[PDB]
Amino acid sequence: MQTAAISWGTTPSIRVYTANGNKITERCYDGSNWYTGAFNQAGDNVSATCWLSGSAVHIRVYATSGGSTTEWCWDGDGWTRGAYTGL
């Protein structure tokens, strides 16, 4: 099992992405109890990074399934496929 961890803002919020059994899932902290996030994509490996637009977060998750990495983007309303490509 493999994880990635990010955080932002004043609280801060934290997100932890976990890859296990070719599934990546997301656990979330926003100042209170941890909960399960909306992120669900395939992969055996995961990295993530984020930045702020004021108080709004932008997240990029790099989900590797085998020999291919797909970027997934959170920009405030849902996860979308990003433009990232590898070599």
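Here the rigid core means the biggest group of C-alpha atoms that line up within 1.5 Å when the two forms are laid on top of each other. We number the residues from 1 along the sequence you see.
- The stretch that strays farther, by root mean square C-alpha distance over structures and residues in 4 other deposited structures of this protein after a rigid core fit, is 54 to 62, when 26 to 34 is set against 54 to 62.
- Relative to its counterpart among 25 to 33 and 38 to 46, 38 to 46 has the higher mean temperature factor, C-alpha atoms as listed in the PDB entry.
- The stretch 63 to 71 shows the higher mean C-alpha B-factor when 9 to 17 is compared against 63 to 71 in the entry.
- Annotation for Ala4: C-alpha temperature factor in the lowest third relative to the rest of the modelled chain, per the entry.
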